[PDB]
């Protein structure tokens, strides 16, 4: 179990962030593996990957993902200039994060159609401090907890729709939770 923060573990970048509410434990394992155990958490996001990411990375993930409540399993990252938080959502719990969001297209990648959306965060935490910024989403129709994500198909489809990314910051496979419980064990490569 570790301190919220960022760093390197067994050759992989990792980021673990939480809102301080309690109820979540995050552990880095061998190679690209990480685990999350949570019970009546607050908001948190953690996982392993790269710093910086790239715009054509093929990201592999495998393992188990057992949310009980509001949680996502995604390729997750940021761009700077413009500041964007992005999600390629492979699975989720009780809440589809695109609920109520305006659909901006579709993309077929890695065995499923994904629906594309843009949302906005207003005065929220970010990699550069409190800010207002857009979020980009690709939400997989066919849920899974292992697979391969060709990020270029998503970033290209987003750009085509007017959802442009700046310079890549970190890029991870992440478990996110919002006031929920669950367990997950995921290996990245």
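Positions refer to the first chain, counted from 1.
The stretch with the higher mean CA B factor, choosing between 75-83 and 102-110, is 102-110.
Legend: mean Cα B-factor per stretch from the PDB entry, 127-135 versus 23-31; the higher mean is in 23-31. Of the candidates 149, 157, 122, 45, it is 122 whose Cα B-factor is highest according to the PDB record.
Per-chain ranking of the deposited C-alpha B factor places residue 9 in the highest third. In the PDB entry, a CA B factor belonging to the lowest third of its chain's modelled residues is recorded for residue 161. Per the deposited record, the Cα B-factor of residue 181 falls in the middle third when ranked against the other modelled residues of its chain. Residue 70 sits in the lowest third of its chain by CA B factor, as recorded in the PDB entry.
Among the modelled residues of its chain, residue 167 has a C-alpha B-factor that falls in the middle third according to the deposited record.
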